[PDB]
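So the sequence lines, in the order shown, correspond to chains L and Y. Note that the UniProt record's numbering has the first sequence beginning at 3241, numbered continuously upward. Note that the UniProt record's numbering has the second sequence beginning at 3241, numbered continuously upward. All C-beta atoms in this analysis are idealised placements derived from N, C-alpha and C, irrespective of residue type, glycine included. A short worksheet on the structure shown next.
2 protein chains.
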Amino acid sequence: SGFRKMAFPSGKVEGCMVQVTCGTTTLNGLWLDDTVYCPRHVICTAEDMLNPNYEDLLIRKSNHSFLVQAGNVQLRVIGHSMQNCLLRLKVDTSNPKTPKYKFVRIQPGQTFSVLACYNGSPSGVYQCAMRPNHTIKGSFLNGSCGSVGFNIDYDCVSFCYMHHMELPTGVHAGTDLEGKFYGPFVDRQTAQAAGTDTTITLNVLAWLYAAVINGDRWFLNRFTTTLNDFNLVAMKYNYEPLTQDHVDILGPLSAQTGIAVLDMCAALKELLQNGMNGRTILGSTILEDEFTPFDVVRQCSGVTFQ
Amino acid sequence: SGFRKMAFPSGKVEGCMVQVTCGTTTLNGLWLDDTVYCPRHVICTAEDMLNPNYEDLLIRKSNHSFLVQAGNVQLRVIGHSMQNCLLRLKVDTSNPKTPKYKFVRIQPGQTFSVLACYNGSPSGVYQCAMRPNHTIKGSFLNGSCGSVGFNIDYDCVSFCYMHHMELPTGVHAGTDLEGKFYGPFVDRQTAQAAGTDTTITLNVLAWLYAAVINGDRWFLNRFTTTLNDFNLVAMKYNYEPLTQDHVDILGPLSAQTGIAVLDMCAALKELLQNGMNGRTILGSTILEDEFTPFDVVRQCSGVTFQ
Ligand SMILES: O=C(Cn1nnc2ccccc21)N(Cc1cccc(Cl)c1)c1ccc(-c2ccc[nH]c2=O)cc1
Ligand SMILES: O=C(Cn1nnc2ccccc21)N(Cc1cccc(Cl)c1)c1ccc(-c2ccc[nH]c2=O)cc1
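In structure tokens:
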């Protein structure tokens, strides 16, 4: 029993974190096989951030413009290239701690673990969601750029995020491990801001199923809803519209608890309209949206507490 | 910016997790140097849990009654002894991944990271507090016994918890790494229940200082309080009494934000009496008590957003 915002064990990723220095500028990088990946803003001075031409900044560097430190070991850079908003540094040594890995581009609403790093040293791990507005509500200080997000499946690390920026509202923006930003953001100083965000409906439904699995039914009711009537309520409360694909994804949870998806939707409509009236769900007074249906199945018992 | 329930990176502990089997009974153990530590209930059948005499159950075992599996490697047991509610197994191999470590007995209100394990395989990591009632609000399923809690300080792992039991209210009980239970609990079937719990006052004050560091002052007020007048309010709301020692611990946070501790206490008295009136603090609608003053300093900027 219990339900916590659980991260994946971080060891497989800790063994891949290094420090990358170009002159006075330092941040973190990810060392897989004989390549180091890092934010391309490592080649900038603070003043270069105002309006950098990365092509122009990079052609002015050599291999030896870059220092890579792995623990107390200097790695020699033997090649370099830009890939979208990342630099790829070829190094003289393959990382002997390289796990089985993949690079994946996650979708909005999906969750991942972040390993917060400073100076190539891991400091902490926590679980995030990719918001609908393509930001993450992380916890990062200056020096955290190049920190990575990931999932683990059967000893394979799926890297999905590399940290680049804190936006003016204190949320975070970054790239996949091909250096494409999540959302409309750019690695230069502009008036860019986080767009309006929405609650991840699918995740709130998954977490209601988690509270039932764990033995709580108080918020259920005798009503059902149509998807259209649910979505008129969602629009009012700044919830993502629910789709048939979302209903289908909730099938396994529905089957484990014997609660039809649209009957769970009816419960959520009533929670949104009426509020929680001093009650909690899995220890929370608000409707949590940072657990996917997959996260609930990973963490909860396969046996409902009936 | 941001504030998250952050765990310590788990790698140093992942490298120490093994599986311990005595007949049909399996759980996790911790492999440091040439010793494996695990809950002594590994020597029980399910029926033995009703009223086990561990001295009597153990004298009936040999070294070869115990199988220890580290990945796909069988470790041979060459000695065994009971230490309070743990078994200590001597093995033929020193763990080459043993980190610098210590065993510490933490105090109520202090936090640690849990590495949830099944069959000697780590599955997840999350941060907990030791409740005043000597339980943790973990997330554990059957098979999780022998999972450990820890802190990390400068590459030294301080082990503080080993998982033994889920109590009837779905919270968790365990031991230090000398096998002494936290709280009044015993490793046998009794009517034992979690005692009444209280909110960790010190931690709520630390988290209010975190919200100020991160740039939020909305809940502050022009009042001050005495420690006695604060504690009459604490008694009413099931908060731990605040002590002078707690005031002294908050000195560094007070100094960083320029808010006197008793002025922060006055803010908390007003939040308890009036509620949050639809507002949030660091994204929360409730007063969070699972961050210590040390956790706030670790995670937050050394520079207040003034
Ligand atoms: O948000 C960042 C870096 N950040 N990432 N999480 C953070 C959390 C807290 C504080 C800062 C953080 N920005 C701003 C930015 C502006 C424009 C484009 C981008 Cl992509 C990022 C940043 C600021 C300074 C520098 C810099 C470059 C060269 C030498 N020295 C430096 O400081 C780099 C990035
Ligand atoms: O709470 C546990 C084991 N637990 N720990 N977190 C859990 C989370 C979810 C479910 C069970 C969990 N109890 C109960 C208990 C009773 C009396 C004393 C203690 Cl100390 C623990 C437990 C139940 C069964 C067995 C058992 C022993 C031998 C062979 N097979 C078995 O199943 C061991 C412990």
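CB-CB length for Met3402 of chain Y against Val3388 of chain Y, believed under 8 Å: Translated into the one-based positions of the second sequence, residue 3402 of chain Y becomes position 162. Translated into the one-based positions of the second sequence, residue 3388 of chain Y becomes position 148. Right, the Cβ-Cβ distance comes to about 6 Å (below 8 Å), so this counts as a contact.
Can you check whether the CB of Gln3496 of chain Y is closer than 8 Å to the CB of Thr3544 of chain Y? As a working mapping, residue 3544 of chain Y is identified with position 304 in the second sequence. As a working mapping, residue 3496 of chain Y is identified with position 256 in the second sequence. Less than 8 Å divides the Cβ of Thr3544 of chain Y from the Cβ of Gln3496 of chain Y.
Continuous alpha helix (DSSP H) stretch holding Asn3391 of chain L: start and end: In the first sequence, residue 3391 of chain L corresponds to position 151, counting from 1. Taken as a continuous stretch (DSSP letters only), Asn3391 of chain L belongs to no alpha helix (DSSP H), being part of the beta strand (DSSP E) at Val3388 to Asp3393.
Reference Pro3362 of chain Y, options L:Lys3340, L:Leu3381 and L:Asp3393, closest by Cα: Here the question's residue 3362 of chain Y lines up with position 122 in the second sequence. Measuring from the Cα of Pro3362 of chain Y, the nearest candidate turns out to be L:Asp3393.
For the segment 3399-3464 of chain Y, list the beta strand (DSSP E) runs that are entirely contained and at least 3 residues long, ordered along the chain. Runs of the beta strand (DSSP E) inside the segment 3399-3464 of chain Y: 3412-3415.
Under the three-state reduction of DSSP, which class applies to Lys3377 of chain L: helix, strand or coil? Walking along the first sequence from the start, residue 3377 of chain L turns up at place 137. Taken through DSSP and simplified to helix, strand or coil, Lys3377 of chain L comes out as coil.
beta-carbon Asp3427 of chain Y near ligand 2 non-hydrogen atom, thresh 7 Å: Taking the first residue of the second sequence as position 1, residue 3427 of chain Y is located at position 187. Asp3427 of chain Y Cβ: within cutoff of ligand 2.
Out of L:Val3487, L:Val3313, L:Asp3332 and L:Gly3311, which has the shortest C-alpha to C-alpha gap to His3320 of chain L? One-based indexing of the first sequence puts residue 3320 of chain L at position 80. Per the Cα distances, L:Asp3332.
Under a Cβ-count criterion, where at least 16 other Cβ atoms within 10 Å of its own Cβ denotes burial, should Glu3406 of chain L be classed as buried or exposed? As a first step, residue 3406 of chain L is located in the first sequence; it is residue number 166 there, counting from the start. Answer is buried; the Cβ neighbour count reaches 16.
Residues near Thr3465 of chain L in its chain [Cβ-Cβ closer than 7 Å; skip 5 each side]: As a first step, residue 3465 of chain L is located in the first sequence; it is residue number 225 there, counting from the start. Same-chain partners within the cutoff: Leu3502, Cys3505, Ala3506 and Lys3509.
Does the CB of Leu3493 of chain Y have a neighbour CB from chain L at under 8 Å? The count along the second sequence starts at 1 and reaches residue 3493 of chain Y at position 253. For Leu3493 of chain Y, the answer is no, since every Cβ of chain L falls outside 8 Å of its Cβ.
Contact check, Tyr3422 of chain Y vs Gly3414 of chain Y, beta carbons under 8 Å: On the second sequence, position 182 is the one that residue 3422 of chain Y refers to. On the second sequence, position 174 is the one that residue 3414 of chain Y refers to. At the C-beta level, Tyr3422 of chain Y and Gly3414 of chain Y come within 8 Å of one another.
Does the structure place the segment 3257-3271 of chain L close enough to the segment 3469-3481 of chain L that three or more beta carbon pairs sit under 8 Å? No, because fewer than three Cβ pairs between the segment 3469-3481 of chain L and the segment 3257-3271 of chain L fall closer than 8 Å, the two stretches do not touch.
Could you tell me whether the segment 3267-3276 of chain Y touches the segment 3333-3344 of chain Y, using the rule of 3 or more Cβ pairs below 8 Å? Contact check between the segment 3267-3276 of chain Y and the segment 3333-3344 of chain Y: three or more CB pairs, one atom from each, fall below 8 Å, which counts as touching.
Leaving out the 5 sequence neighbours to the left and right, which residues in its chain are closer than 8 Å to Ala3500 of chain L when beta-carbon positions are compared? The residue you call residue 3500 of chain L lines up with position 260 of the first sequence. Taken in chain order, the residues that qualify are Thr3464 and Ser3494.
If we call anything under 8 Å between Cβ atoms a contact, is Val3313 of chain L one with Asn3303 of chain L? Here residue 3313 of chain L corresponds to residue number 73 of the first sequence, with the count starting at 1. Here residue 3303 of chain L corresponds to residue number 63 of the first sequence, with the count starting at 1. For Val3313 of chain L and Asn3303 of chain L, no; Cβs fall outside 8 Å.
Is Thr3275 of chain L helix, strand or coil by DSSP? Position 35 of the first sequence, counted from the start, is the residue given in the question as residue 3275 of chain L. Three-state DSSP puts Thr3275 of chain L in a strand.
I'd like to confirm something about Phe3459 of chain Y: is its beta-carbon nearer than 7 Å to some heavy atom of ligand 2, or not? As a first step, residue 3459 of chain Y is located in the second sequence; it is residue number 219 there, counting from the start. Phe3459 of chain Y Cβ: outside cutoff for every heavy atom of ligand 2.
Inside the segment 3462-3523 of chain Y only - beta strand (DSSP E) runs reaching at least 3 residues: The segment 3462-3523 of chain Y contains no whole beta strand (DSSP E) run of 3 or more residues.
Residues in the same chain with beta-carbon distance under 6 Å from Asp3535 of chain L, minus the five sequence neighbours each way, listed in chain order, please. For this step, residue 3535 of chain L is matched to residue 295 along the first sequence. If we look at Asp3535 of chain L and ignore the five residues flanking it on each side, its Cβ neighbours are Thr3351.
Identify the contact partners of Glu3254 of chain Y in chain L, using a Cβ-Cβ distance below 7 Å as the criterion. For the purposes of this step, residue 3254 of chain Y is taken as residue 14 along the second sequence, with counting starting at 1. By Cβ distance, chain L contributes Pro3249 and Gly3251.
List the residues of chain L whose Cβ lies closer than 8 Å to the Cβ of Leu3355 of chain Y, in chain order. Indexing the second sequence from 1 puts residue 3355 of chain Y at position 115. Going along chain L in sequence order, the residues near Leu3355 of chain Y (Cβ under 8 Å) are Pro3249.
Can you confirm whether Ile3453 of chain Y, when its beta carbon is compared against all beta carbons of chain L, has any partner nearer than 8 Å? Numbered from 1 along the second sequence, position 213 holds the residue referred to as residue 3453 of chain Y. It does not: the Cβ of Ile3453 of chain Y has no partner Cβ on chain L nearer than 8 Å.
Could you have a look at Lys3252 of chain Y and say whether DSSP puts it in helix, strand or coil? If you number the second sequence from 1, residue 3252 of chain Y lands on position 12. Residue state, collapsed to three classes: helix.
Assuming the contact rule is C-beta atoms closer than 8 Å, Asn3391 of chain Y and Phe3248 of chain Y should be a hit. Round their C-beta distance to whole Å, please. Within the second sequence, the letter at position 151 stands for residue 3391 of chain Y. Within the second sequence, the letter at position 8 stands for residue 3248 of chain Y. The Cβ separation is near 6 Å, so the contact holds.
Looking at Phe3343 of chain Y and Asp3416 of chain Y, is the spacing between their C-beta atoms short of 8 Å? Position 176 of the second sequence, counting from 1, holds the residue named residue 3416 of chain Y. Position 103 of the second sequence, counting from 1, holds the residue named residue 3343 of chain Y. Cβ atoms of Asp3416 of chain Y and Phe3343 of chain Y: closer than 8 Å.
Could you tell me the alpha carbon to alpha carbon distance between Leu3448 of chain L and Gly3455 of chain L, rounded to whole angstroms? The residue labelled residue 3448 of chain L in the question sits at position 208 within the first sequence. The residue labelled residue 3455 of chain L in the question sits at position 215 within the first sequence. Looking at the two C-alpha atoms, the distance is approximately 11 Å.
May I ask you to report which of helix, strand or coil DSSP gives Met3370 of chain Y? Here residue 3370 of chain Y refers to the residue found at position 130 when the second sequence is read from its first residue. In the structure shown, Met3370 of chain Y sits in coil (DSSP, three-state: anything other than H, G, I, E or B).
What residue range is occupied by the uninterrupted alpha helix (DSSP H) comprising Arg3538 of chain L? Residue mapping note: residue 3538 of chain L aligns to position 298 of the first sequence, counting from 1. Where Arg3538 of chain L is concerned, the enclosing alpha helix (DSSP H) stretches over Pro3533 to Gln3539.
Quick check on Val3388 of chain Y - is its C-beta less than 8 Å from some C-beta in chain L? In the second sequence, the residue the question calls residue 3388 of chain Y occupies position 148. Contacts with chain L at 8 Å (Cβ-Cβ) do not include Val3388 of chain Y.
Give the residues from the segment 3397-3418 of chain L that approach chain Y closer than 9 Å (Cβ to any Cβ), ordered along the chain. Result list: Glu3406, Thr3409, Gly3410, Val3411 and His3412.
Kindly provide the ranges of any beta strand (DSSP E) runs that are 3 or more residues long and lie completely inside the segment 3288-3346 of chain L, ordered along the chain. DSSP runs (the beta strand (DSSP E)) wholly in the segment 3288-3346 of chain L: 3306-3310, 3313-3315, 3317-3323, 3326-3331 and 3340-3343.
Could you have a look at residue 3555 of chain Y and say whether DSSP puts it in helix, strand or coil? Look at the range of chain Y in this structure, 3241 to 3546, and you will see that residue 3555 of chain Y is not part of it.
Please name the residue in Y:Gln3309, Y:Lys3377, Y:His3281 and Y:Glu3528 whose C-alpha comes closest to that of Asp3296 of chain Y. On the second sequence, residue 3296 of chain Y is found 56 positions in, with the first residue counted as 1. Considering only Y:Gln3309, Y:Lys3377, Y:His3281 and Y:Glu3528, the residue with the shortest C-alpha distance to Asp3296 of chain Y is Y:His3281.
Closer than 8 Å by beta-carbon distance: list the chain L residues that pair up with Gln3539 of chain Y, in chain order. Locating residue 3539 of chain Y in the second sequence gives position 299, where the first residue counts as 1. Using a Cβ-Cβ cut-off of 8 Å, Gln3539 of chain Y is close to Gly3364 and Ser3379 of chain L, given in chain order.
If you measure from the beta carbon of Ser3384 of chain Y to each beta carbon in chain L, is any gap under 8 Å? Working through the second sequence from its first residue, we reach residue 3384 of chain Y at position 144. When Cβ-Cβ separations below 8 Å define contact, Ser3384 of chain Y makes no contact with chain L.
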